[PDB]
Amino acid sequence: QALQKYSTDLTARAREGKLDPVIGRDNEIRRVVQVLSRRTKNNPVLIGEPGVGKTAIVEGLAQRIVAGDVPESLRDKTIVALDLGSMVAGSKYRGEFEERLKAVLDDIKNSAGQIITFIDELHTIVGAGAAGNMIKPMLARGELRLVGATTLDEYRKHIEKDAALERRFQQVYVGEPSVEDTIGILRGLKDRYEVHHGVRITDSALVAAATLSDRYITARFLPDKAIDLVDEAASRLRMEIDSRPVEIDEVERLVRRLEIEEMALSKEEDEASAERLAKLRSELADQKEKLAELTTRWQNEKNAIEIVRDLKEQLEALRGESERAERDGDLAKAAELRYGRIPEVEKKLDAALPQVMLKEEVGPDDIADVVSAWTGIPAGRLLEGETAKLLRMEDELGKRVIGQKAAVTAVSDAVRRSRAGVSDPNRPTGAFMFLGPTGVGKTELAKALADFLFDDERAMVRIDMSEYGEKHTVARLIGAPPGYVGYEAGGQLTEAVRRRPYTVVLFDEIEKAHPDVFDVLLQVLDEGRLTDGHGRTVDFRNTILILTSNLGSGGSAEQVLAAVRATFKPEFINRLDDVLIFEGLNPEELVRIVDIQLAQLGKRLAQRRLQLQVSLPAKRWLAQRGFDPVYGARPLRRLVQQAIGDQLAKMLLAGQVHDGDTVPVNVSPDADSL
Amino acid sequence: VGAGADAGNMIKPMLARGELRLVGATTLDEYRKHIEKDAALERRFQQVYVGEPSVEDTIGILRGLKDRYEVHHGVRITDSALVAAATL
Ligand SMILES: Nc1ncnc2c1ncn2[C@@H]1O[C@H](COP(=O)(O)OP(=O)(O)OP(O)(O)=S)[C@@H](O)[C@H]1O
Ligand SMILES: Nc1ncnc2c1ncn2[C@@H]1O[C@H](COP(=O)(O)OP(=O)(O)OP(O)(O)=S)[C@@H](O)[C@H]1O
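- Looking at the PDB entry, one finds chain B named Chaperone protein ClpB, with Mycobacterium tuberculosis as its source organism.

- Per the PDB entry, chain A goes by the name Chaperone protein ClpB and belongs to Mycobacterium tuberculosis.
- The UniProt entry for chain A carries the following comment under Subcellular location: "Cytoplasm".
- Per UniProt, the comment on chain A under Sequence similarities is "Belongs to the ClpA/ClpB family."

**Remarks on the nonpolar core**
All names here are of chain A.
Stage number 1. The biggest cluster of nonpolar side chains holds 33 residues, and the ones touching the most others in it are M433, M465, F507, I510, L521, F568 and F572.
Stage number 2. Within the residue set of this core, elements represented by two or more residues are β9 (431-435), β11 (504-508), α23 (518-524), β14 (544-547) and α24 (558-567).
Stage number 3. Of all the elements, α23 adds the most residues to this core, at five residues.
Stage number 4. Excluding anything up to four places from it in sequence, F572 contacts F518, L521, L522, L525 and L547.
Stage number 5. One finds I183, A210, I217 and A226 within the second-largest nonpolar core, a separate group that totals 27 residues.

**Concerning the UniProt feature "binding site: ATP 2" in chain A**
Residues and elements named next belong to chain A.
Stage number 1. The UniProt record annotates "binding site: ATP 2" at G436, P437, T438, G439, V440, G441, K442 and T443.
Stage number 2. Relative to the helices and strands, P437 resides in the loop between β9 and α21 (444-452).
Stage number 3. Of the residues examined, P437 reaches a relative accessible area of 26% and is grouped as partly exposed.
Stage number 4. Beyond its immediate chain neighbours, meaning those up to four positions away, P437 contacts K442, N550 and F582.
Stage number 5. For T443, the location among the structural elements is in the loop between β9 and α21.
Stage number 6. In contact with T443, not counting residues within four places along its chain, are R462 and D508.

**Side note on the site of ligand 2**
Residue and element names in this part refer to chain A.
Stage number 1. The local shell around ligand 2 consists of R400, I402, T438, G439, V440, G441, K442, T443, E444, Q597, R634 and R637.
Stage number 2. For ligand 2, an oxygen atom lies 3.0 Å from a polar atom in the side chain of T438.
Stage number 3. Residue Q597 places a side-chain N or O atom 2.8 Å away from an oxygen atom belonging to ligand 2.
Stage number 4. Calculation on ligand 2 without its partners gives an accessible area of 630 Å², and the protein chains cover 84% of this total.

**So, the environment of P617 of chain A**
Stage number 1. Tracing the backbone through its elements, the reader meets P617 of chain A in helix α27 (residues 616-625).
Stage number 2. Residues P617 of chain A and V665 of chain A, 48 residues apart in the sequence, show an inter-C-alpha distance of 9.8 Å.

What counts, and at which threshold
- Residues numbered from 1 in each chain as written, not as in the entry; some residues may be left out.
- Chains lettered and ligands numbered in written order.
- Part of a larger assembly, values for the part shown.
- Heavy atoms only, no water.
- Residues with missing side-chain atoms left out of burial classes, pairs and counts.
- UniProt positions renumbered as here; feature names shortened; annotations may be inferred.
- Core = buried A, V, L, I, M, F, W, Y, C linked by side-chain atoms within 4.5 Å.
- Buried < 20%, exposed > 50% of the residue type's maximum accessible area, 1.4 Å probe, protein only.
- Helix = DSSP H or I, 4+ residues; strand = E, 2+ residues; numbered from the N terminus.
- Contact = heavy atoms within 4.5 Å.
- Near = heavy atom within 4 Å.
- Polar contact = N/O pair within 3.5 Å; in protein donor to acceptor, adjacent residues only side chain to side chain.
- Areas by Shrake-Rupley, 256 points an atom, 1.4 Å probe, with all protein chains shown as cover.

Below, the structure written as C-alpha cells:
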C-alpha cells in the first residue's frame, strides 16, 4: 500500500494516453531493455546534457510496454516513479523516514519481477538522511531495477564521489539529435499543439523552426530549443486571431497615451512648455493619420473574406439542388444548375477567391519573428520599409561623417550583404580595420554606424587597447582561470556579448597593445568564437568588429602598408576584410564640417532658448583660418570654441544676453564681433 | 537555489509540465552567478531582456507619475522641471 501511497504509477497514466508521442530513439530503448532484462547489474542510468531527452525515453518504454512491443520478460510490469520529496515530509521523528523507505523496499520485494522502479533526478538519493544508503544491500542481490536519469555533470559531482555506488550502475549515453531527427520529432508532435491551441501549423514552419534555432540559440539543445519557437508562435497567432492584431494594438495605445499627456500638458502657464507642446500635437496627428490608414486596410480584407465565404455557401446550395434535380428527374433544372447556376457562382467565388495579414496559420516567418524577439538578432524578410533605409544608408551616414566614401561604401555593403541572407554564416558579420592620419574620422564613423542600428550612441561595447600593455592584462577581457580571486565576475568583453549578441565592438588604437592580445583575435576572427575562463563559448557570428590605429601617418600608401606588414602578423592581416585607408581633409571639405559644428553648438545652447545667427563671411573665415594639414579637424573645433564661446560667456554672465535671445555674429578685420 | 540545509528541486517536476505558472525577476549579474551554475534548472525558464529606456521616454514616465507625488507632498511640480530632472 505504501507504493500507491507515496509513489505514482506510470503505466497507469500511459493507459489513459496522457503521455506524448516518442518518435525516434529506438536504439536507446533497445539498449535500455537489453540492459534491464539482464541477470546482474540490471540498473540503467541515463546520462546526457539537459534537454536532449532523458525522461522521454522512459515514457517511450512505458508506452512500448502498455502497447505490447517488448521482449518476453517485460509484460505487464507497471513501472513506478518514486518521489522522495513526498516521502520525507512531516516525518519529524527519529524512526519514520527510514521506516517508510523500508516499507517501500519490502513492498517492492514482494512482487518478484513485475515492478520496475524508476527514479528521475537520481542524484537526489546521495543524501536525504538528516540514510539514503539502504540501496547497497538490495543492489548487492540484483533485487531492484531502478532506472534513473541525471544530467552529465551532476553524475561526477554527486555519484562518482561515492565510487562504491557507481560500480552498481550501467551508464547509457544520450547524444543530442541532429536537424533531420529534430524535424522528424517536430512532425510527430505538431498535432498536440495544433489541438491545444486553435490554429493550423504548416510544414515549412516546422523546417525553419529547426534550421534556425540551431544557428541562433547557441545555449540549449535541439528537442526543446526547437519546440519552444513553435509553441510561442502558436500562442502569438491565437492572441492575434483574438482581439485586434499586433501593429495596430501598439499604435492605438501610443495614440491614446499621447492624447492623455497632451490633455494635461496644454494647461501649462509657461513659455518653455509652450514649445514642447508644439511637437506633441504634431506627432499625435502624424500618428492618427497612420492609425487611420492602417485601420481601413485590416477592416477591408475582413469584409472580403466574408464575401468569399458567402459565395462558397451559395455554390454549395446549388450543388445540393442539382442533386435534387437528378433525384427528381427535372431536366429543365438539371443542367440549368449543373452548367448554369453552379459554375456561375463558382466563377464568382473564384473571382473573389484570391482575397497578406493574419491569414490563419503559422508561416515560415512567424518563427523568424519569434527568434528575432529572442536574442535581439533580427532575421526577417526586409519588410518593405527597412529596405529603403538600407538603400539610403550611405547618404544617411553622410550626415555625421564627411568624405571617405571609399569607407562608407565598404561599411554599408557589409550590412546589406548579411540582410539579404548571402554572407558566410561562420565568420563575424564584418571585421575590418581603419588606419590613416589623425583627426580624420576613423573613430567618428564607428560611432555613426553604431547609432544607425540602435539609435543610442552608448549601446556599443567599447574597449580601449591603450591599456593592455602586457600579457597578464589579457585576463581582463576573458575572466580569470578557475579558482582565483576574481572568478565570480567573468570577463569584460565576453560578458557584454553573451548578452544581447548584436552589438558593435570597437578596438581603439590597436597597435598600442601587447602582441599577445592580438593572439586571441586570431580565433575571434575567421571563426566567430572564443572560450572565457569558465569554459563557456560565446559566439561573434553576428557582431561587427571595428579596429582603428595610426600606423605610419606619413606614407602615401606603401609606407603605411610596410608598417602594417612589419607590426602585424600575415596570418592576422589575412583574416580581415578590406583594410580601408582614409584620405585627409581638403580646404573645400571644411565648410561642411564648420556648419555641422555650429549646428552642434546651437543645439547645445538650445536648452536655454539662445539660438545664434551666423553670417556667410563668418563661416568662410572660420573655415579658412583653422585648416593646417597635420591635425585634421580638431583645430577647427578649438578655434570655434576660443573665438565664439568665450566672448559669448563673457557677454552672457554680465547680463545683457538674457534668455530668449538671438545674437548675430559678423566679421571684423581679424576677429569677429557679436 | 537555497532553503536546503534537496530544496527548490521538488519543483523541477511541476515546472517542466507548466502546471504552476512562474514569474520572476533577478538582476542581470546574479543570474549567471546563482542559476546558470545549474543548467538543469535554467532550461525550464524563458528569458525576457529588459533594456533601459532613454530620456525621451523617461520624460513620459515622469509626466505620468507626477500626480502620485503631488498628493503626497502638498506641493505642485512643473513640467519644465520634470524635463530637467531627466535631461540633467
Ligand atoms: N524522442 C523524442 N520524442 C518526442 N518528444 C521528445 C523526444 N525527445 C525529446 N522530446 C521532447 O523534448 C522535451 C525533452 O524534455 P525532457 O527530456 O523532459 O528534459 P530532460 O531530458 O529530462 O532533461 P533534464 O535532465 O530532466 S532537465 C520534452 O518536451 C519532450 O516531449
Ligand atoms: N570626417 C569627420 N567628419 C566629422 N567630424 C569629424 C571628422 N573628422 C574629425 N571630426 C571631428 O573630430 C572629432 C573626432 O575625431 P576623430 O578623427 O574621430 O579622432 P580619431 O578618428 O580617433 O583620430 P585619432 O588618430 O585616433 S586622434 C569630433 O569632434 C568630430 O566632430
